[PDB]
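Structure, as structure tokens:
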Amino acid sequence: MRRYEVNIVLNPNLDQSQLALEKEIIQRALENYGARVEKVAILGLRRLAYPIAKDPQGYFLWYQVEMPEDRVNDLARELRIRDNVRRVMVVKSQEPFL
């Protein structure tokens, strides 16, 4: 088990209903890949470093989790498979929230 920060960017054109579905799917994936979710943050809309899928903006989600390092890649791949997921970036926690 290692602590990571999971950064997810979603299609900025989703309605709160579709948004919720994606979050629920993300939650299931985290649990399925052995992650313990310690903190979740809904950051919202931000302008991307560069447009993805013709969209200059993205809806940001953040999670601090503890999970097996041998499952992180698989998790990221699982999340990226979603058509509405624009980007997935997992980084090792450097300054974890208590």
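Going through the structure tokens in order, the chains are called A, B, and so on, while each chain numbers its residues from 1 and the ligands are numbered from 1 in the order shown.
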#### Entry: Long-range neighbours of segment 77-90 of chain A as a ChimeraX atom specification, 6 Å cut-off, only C-alpha atoms, 5 positions minimum in chain
/A:5-11
### Task
Would you return as a VMD selection string the members of segment 31-92 of chain A that DSSP assigns to helix (DSSP H, G or I) on this structure's backbone?
chain A and resid 31 to 32 69 to 80
Using N, CA, C and O atoms, can you export the residues from the last selection as a PDB file, in the first residue's frame?
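Saved result, part-v2.pdb, follows:
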ATOM      1  N   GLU A  31     -12.315   1.102  -5.421  1.00  0.00           N
ATOM      2  CA  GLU A  31     -12.542  -0.012  -4.504  1.00  0.00           C
ATOM      3  C   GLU A  31     -12.113  -1.328  -5.131  1.00  0.00           C
ATOM      4  O   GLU A  31     -11.510  -2.172  -4.465  1.00  0.00           O
ATOM      5  N   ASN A  32     -12.425  -1.503  -6.411  1.00  0.00           N
ATOM      6  CA  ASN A  32     -12.086  -2.728  -7.124  1.00  0.00           C
ATOM      7  C   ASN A  32     -10.593  -2.958  -7.276  1.00  0.00           C
ATOM      8  O   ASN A  32     -10.142  -4.101  -7.347  1.00  0.00           O
ATOM      9  N   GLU A  69       0.696  -0.420  -5.049  1.00  0.00           N
ATOM     10  CA  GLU A  69       1.359   0.197  -6.194  1.00  0.00           C
ATOM     11  C   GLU A  69       1.258  -0.649  -7.455  1.00  0.00           C
ATOM     12  O   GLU A  69       1.279  -0.113  -8.559  1.00  0.00           O
ATOM     13  N   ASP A  70       1.137  -1.967  -7.301  1.00  0.00           N
ATOM     14  CA  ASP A  70       1.045  -2.848  -8.462  1.00  0.00           C
ATOM     15  C   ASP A  70      -0.320  -2.804  -9.148  1.00  0.00           C
ATOM     16  O   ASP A  70      -0.535  -3.491 -10.142  1.00  0.00           O
ATOM     17  N   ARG A  71      -1.239  -1.986  -8.639  1.00  0.00           N
ATOM     18  CA  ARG A  71      -2.573  -1.876  -9.227  1.00  0.00           C
ATOM     19  C   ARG A  71      -2.858  -0.475  -9.778  1.00  0.00           C
ATOM     20  O   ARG A  71      -3.871  -0.255 -10.443  1.00  0.00           O
ATOM     21  N   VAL A  72      -1.967   0.472  -9.505  1.00  0.00           N
ATOM     22  CA  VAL A  72      -2.164   1.844  -9.967  1.00  0.00           C
ATOM     23  C   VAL A  72      -2.301   1.979 -11.479  1.00  0.00           C
ATOM     24  O   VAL A  72      -3.223   2.632 -11.969  1.00  0.00           O
ATOM     25  N   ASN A  73      -1.382   1.373 -12.222  1.00  0.00           N
ATOM     26  CA  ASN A  73      -1.433   1.461 -13.676  1.00  0.00           C
ATOM     27  C   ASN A  73      -2.757   0.903 -14.190  1.00  0.00           C
ATOM     28  O   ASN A  73      -3.429   1.535 -15.011  1.00  0.00           O
ATOM     29  N   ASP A  74      -3.130  -0.275 -13.696  1.00  0.00           N
ATOM     30  CA  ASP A  74      -4.379  -0.918 -14.105  1.00  0.00           C
ATOM     31  C   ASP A  74      -5.571  -0.008 -13.793  1.00  0.00           C
ATOM     32  O   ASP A  74      -6.497   0.115 -14.598  1.00  0.00           O
ATOM     33  N   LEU A  75      -5.544   0.630 -12.625  1.00  0.00           N
ATOM     34  CA  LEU A  75      -6.615   1.541 -12.222  1.00  0.00           C
ATOM     35  C   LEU A  75      -6.714   2.701 -13.201  1.00  0.00           C
ATOM     36  O   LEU A  75      -7.798   3.028 -13.688  1.00  0.00           O
ATOM     37  N   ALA A  76      -5.573   3.322 -13.484  1.00  0.00           N
ATOM     38  CA  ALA A  76      -5.523   4.458 -14.395  1.00  0.00           C
ATOM     39  C   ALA A  76      -6.079   4.069 -15.757  1.00  0.00           C
ATOM     40  O   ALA A  76      -6.849   4.816 -16.357  1.00  0.00           O
ATOM     41  N   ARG A  77      -5.676   2.900 -16.244  1.00  0.00           N
ATOM     42  CA  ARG A  77      -6.151   2.405 -17.531  1.00  0.00           C
ATOM     43  C   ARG A  77      -7.671   2.222 -17.482  1.00  0.00           C
ATOM     44  O   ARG A  77      -8.377   2.581 -18.422  1.00  0.00           O
ATOM     45  N   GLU A  78      -8.169   1.677 -16.377  1.00  0.00           N
ATOM     46  CA  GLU A  78      -9.604   1.456 -16.210  1.00  0.00           C
ATOM     47  C   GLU A  78     -10.386   2.763 -16.263  1.00  0.00           C
ATOM     48  O   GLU A  78     -11.466   2.824 -16.846  1.00  0.00           O
ATOM     49  N   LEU A  79      -9.838   3.809 -15.653  1.00  0.00           N
ATOM     50  CA  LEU A  79     -10.498   5.110 -15.625  1.00  0.00           C
ATOM     51  C   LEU A  79     -10.474   5.816 -16.978  1.00  0.00           C
ATOM     52  O   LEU A  79     -11.442   6.470 -17.367  1.00  0.00           O
ATOM     53  N   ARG A  80      -9.364   5.674 -17.690  1.00  0.00           N
ATOM     54  CA  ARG A  80      -9.188   6.312 -18.988  1.00  0.00           C
ATOM     55  C   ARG A  80     -10.077   5.726 -20.070  1.00  0.00           C
ATOM     56  O   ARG A  80     -10.312   6.359 -21.099  1.00  0.00           O
TER      57      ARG A  80
END
### Task
Might you pull out every residue within 12 Å of residue 38 of chain A, with only C-alpha atoms counted and same-chain residues fewer than 2 positions away left off, and present them as JSON, numbers by chain?
{"A": [3, 4, 5, 6, 27, 30, 31, 35, 36, 40, 41, 62, 63, 64, 65, 66, 67, 93, 96, 97, 98]}
Write out the residues from the selection above, keeping N, CA, C and O atoms, as an mmCIF file, in the first residue's frame.
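Final output, saved to again12.cif:
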data_model
loop_
_atom_site.group_PDB
_atom_site.id
_atom_site.type_symbol
_atom_site.label_atom_id
_atom_site.label_comp_id
_atom_site.auth_asym_id
_atom_site.auth_seq_id
_atom_site.Cartn_x
_atom_site.Cartn_y
_atom_site.Cartn_z
ATOM 1 N N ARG A 3 0.546 5.766 -0.695
ATOM 2 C CA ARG A 3 -0.403 6.868 -0.795
ATOM 3 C C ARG A 3 -0.221 7.662 -2.088
ATOM 4 O O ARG A 3 0.889 8.074 -2.428
ATOM 5 N N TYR A 4 -1.321 7.865 -2.809
ATOM 6 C CA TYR A 4 -1.293 8.586 -4.078
ATOM 7 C C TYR A 4 -2.403 9.615 -4.168
ATOM 8 O O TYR A 4 -3.372 9.577 -3.420
ATOM 9 N N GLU A 5 -2.244 10.518 -5.123
ATOM 10 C CA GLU A 5 -3.241 11.532 -5.407
ATOM 11 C C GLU A 5 -3.703 11.222 -6.824
ATOM 12 O O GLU A 5 -2.904 11.196 -7.754
ATOM 13 N N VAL A 6 -4.995 10.956 -6.968
ATOM 14 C CA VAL A 6 -5.577 10.622 -8.261
ATOM 15 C C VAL A 6 -6.281 11.851 -8.810
ATOM 16 O O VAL A 6 -7.269 12.318 -8.238
ATOM 17 N N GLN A 27 -15.459 5.652 -8.206
ATOM 18 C CA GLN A 27 -15.481 5.116 -6.851
ATOM 19 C C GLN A 27 -15.431 3.592 -6.867
ATOM 20 O O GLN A 27 -14.734 2.973 -6.058
ATOM 21 N N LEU A 30 -11.882 2.483 -7.851
ATOM 22 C CA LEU A 30 -10.955 2.637 -6.734
ATOM 23 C C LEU A 30 -11.083 1.460 -5.770
ATOM 24 O O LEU A 30 -10.082 0.882 -5.356
ATOM 25 N N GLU A 31 -12.315 1.102 -5.421
ATOM 26 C CA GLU A 31 -12.542 -0.012 -4.504
ATOM 27 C C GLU A 31 -12.113 -1.328 -5.131
ATOM 28 O O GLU A 31 -11.510 -2.172 -4.465
ATOM 29 N N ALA A 35 -8.052 0.312 -3.527
ATOM 30 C CA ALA A 35 -7.784 1.605 -2.924
ATOM 31 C C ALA A 35 -8.655 1.948 -1.725
ATOM 32 O O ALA A 35 -9.812 1.547 -1.632
ATOM 33 N N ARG A 36 -8.062 2.693 -0.801
ATOM 34 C CA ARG A 36 -8.744 3.175 0.386
ATOM 35 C C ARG A 36 -8.829 4.668 0.127
ATOM 36 O O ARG A 36 -7.801 5.339 0.043
ATOM 37 N N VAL A 40 -11.682 13.259 -0.787
ATOM 38 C CA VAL A 40 -12.160 13.554 -2.134
ATOM 39 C C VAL A 40 -12.402 15.055 -2.255
ATOM 40 O O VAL A 40 -12.880 15.696 -1.316
ATOM 41 N N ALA A 41 -12.068 15.616 -3.409
ATOM 42 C CA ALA A 41 -12.273 17.038 -3.631
ATOM 43 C C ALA A 41 -12.839 17.251 -5.020
ATOM 44 O O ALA A 41 -12.340 16.695 -5.992
ATOM 45 N N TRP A 62 -10.421 15.183 -7.584
ATOM 46 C CA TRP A 62 -9.175 14.843 -6.905
ATOM 47 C C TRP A 62 -9.443 13.855 -5.782
ATOM 48 O O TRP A 62 -10.434 13.986 -5.071
ATOM 49 N N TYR A 63 -8.563 12.870 -5.627
ATOM 50 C CA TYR A 63 -8.709 11.894 -4.557
ATOM 51 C C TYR A 63 -7.366 11.593 -3.921
ATOM 52 O O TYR A 63 -6.343 11.529 -4.609
ATOM 53 N N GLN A 64 -7.360 11.433 -2.605
ATOM 54 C CA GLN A 64 -6.139 11.032 -1.923
ATOM 55 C C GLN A 64 -6.485 9.616 -1.523
ATOM 56 O O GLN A 64 -7.478 9.388 -0.835
ATOM 57 N N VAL A 65 -5.685 8.663 -1.966
ATOM 58 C CA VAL A 65 -5.966 7.276 -1.649
ATOM 59 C C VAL A 65 -4.706 6.530 -1.252
ATOM 60 O O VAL A 65 -3.587 7.009 -1.446
ATOM 61 N N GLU A 66 -4.908 5.355 -0.677
ATOM 62 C CA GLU A 66 -3.810 4.476 -0.329
ATOM 63 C C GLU A 66 -4.195 3.203 -1.068
ATOM 64 O O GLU A 66 -5.312 2.708 -0.913
ATOM 65 N N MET A 67 -3.294 2.689 -1.897
ATOM 66 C CA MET A 67 -3.600 1.489 -2.667
ATOM 67 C C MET A 67 -2.327 0.756 -3.045
ATOM 68 O O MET A 67 -1.228 1.303 -2.933
ATOM 69 N N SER A 93 1.772 10.778 -3.228
ATOM 70 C CA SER A 93 1.459 11.830 -2.277
ATOM 71 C C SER A 93 2.742 12.391 -1.688
ATOM 72 O O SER A 93 3.627 11.637 -1.288
ATOM 73 N N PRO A 96 0.433 14.676 2.266
ATOM 74 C CA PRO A 96 -0.904 14.136 2.528
ATOM 75 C C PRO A 96 -1.749 14.898 3.531
ATOM 76 O O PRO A 96 -1.241 15.465 4.502
ATOM 77 N N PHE A 97 -3.055 14.909 3.294
ATOM 78 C CA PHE A 97 -3.984 15.574 4.201
ATOM 79 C C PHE A 97 -4.265 14.621 5.348
ATOM 80 O O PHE A 97 -4.357 13.407 5.158
ATOM 81 N N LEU A 98 -4.366 15.176 6.552
ATOM 82 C CA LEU A 98 -4.650 14.383 7.750
ATOM 83 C C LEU A 98 -6.152 14.189 7.873
ATOM 84 O O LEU A 98 -6.573 13.118 8.378
#
### Message
I need the strand (DSSP E or B) residues of chain A per DSSP on the backbone, written as an MDAnalysis selection string.
### Response
chainID A and resid 2:10 36:52 55:67 85:92
Could you write those residues out with C-alpha atoms, as a short mmCIF file (atom, residue, chain, number, x, y, z; two decimals), in the first residue's frame?
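The resulting file, out-v1.cif, is reproduced below:
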data_model
loop_
_atom_site.label_atom_id
_atom_site.label_comp_id
_atom_site.auth_asym_id
_atom_site.auth_seq_id
_atom_site.Cartn_x
_atom_site.Cartn_y
_atom_site.Cartn_z
CA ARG A 2 1.27 3.45 -0.97
CA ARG A 3 -0.40 6.87 -0.80
CA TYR A 4 -1.29 8.59 -4.08
CA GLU A 5 -3.24 11.53 -5.41
CA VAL A 6 -5.58 10.62 -8.26
CA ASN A 7 -6.29 13.56 -10.57
CA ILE A 8 -9.21 13.10 -12.95
CA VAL A 9 -10.47 15.47 -15.64
CA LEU A 10 -13.97 14.98 -17.03
CA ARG A 36 -8.74 3.17 0.39
CA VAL A 37 -10.19 6.62 -0.29
CA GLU A 38 -9.00 9.05 2.39
CA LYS A 39 -10.19 12.34 0.89
CA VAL A 40 -12.16 13.55 -2.13
CA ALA A 41 -12.27 17.04 -3.63
CA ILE A 42 -14.51 18.35 -6.39
CA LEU A 43 -12.39 21.09 -7.93
CA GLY A 44 -14.70 21.85 -10.84
CA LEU A 45 -13.99 23.65 -14.10
CA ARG A 46 -10.46 24.68 -15.04
CA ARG A 47 -8.88 25.70 -18.32
CA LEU A 48 -6.62 22.89 -19.56
CA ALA A 49 -2.91 23.22 -20.30
CA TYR A 50 -3.99 22.20 -23.80
CA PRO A 51 -7.39 21.22 -25.26
CA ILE A 52 -8.47 17.59 -25.09
CA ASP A 55 -12.49 21.14 -25.33
CA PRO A 56 -10.29 23.83 -23.75
CA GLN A 57 -11.80 23.21 -20.31
CA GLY A 58 -12.21 20.18 -18.08
CA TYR A 59 -14.08 19.28 -14.88
CA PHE A 60 -11.58 18.32 -12.16
CA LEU A 61 -11.87 15.65 -9.49
CA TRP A 62 -9.18 14.84 -6.90
CA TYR A 63 -8.71 11.89 -4.56
CA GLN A 64 -6.14 11.03 -1.92
CA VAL A 65 -5.97 7.28 -1.65
CA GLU A 66 -3.81 4.48 -0.33
CA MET A 67 -3.60 1.49 -2.67
CA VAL A 85 -12.77 10.90 -18.82
CA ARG A 86 -10.37 13.31 -20.52
CA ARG A 87 -7.29 12.75 -18.39
CA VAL A 88 -6.09 10.63 -15.48
CA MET A 89 -2.90 11.46 -13.62
CA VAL A 90 -1.81 9.53 -10.54
CA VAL A 91 1.06 10.93 -8.48
CA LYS A 92 2.71 9.84 -5.25
#
### Query
Which residue out of A:1, A:20, A:53, A:14 has the minimum interatomic distance to residue 34 of chain A when only C-alpha atoms are used?
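For residue 34 of chain A, the nearest of the given residues is A:1.
For the residues A:17, A:94, A:12, A:68, ranking by smallest atom-to-atom distance to residue 33 of chain A using only C-alpha atoms places A:68 first.
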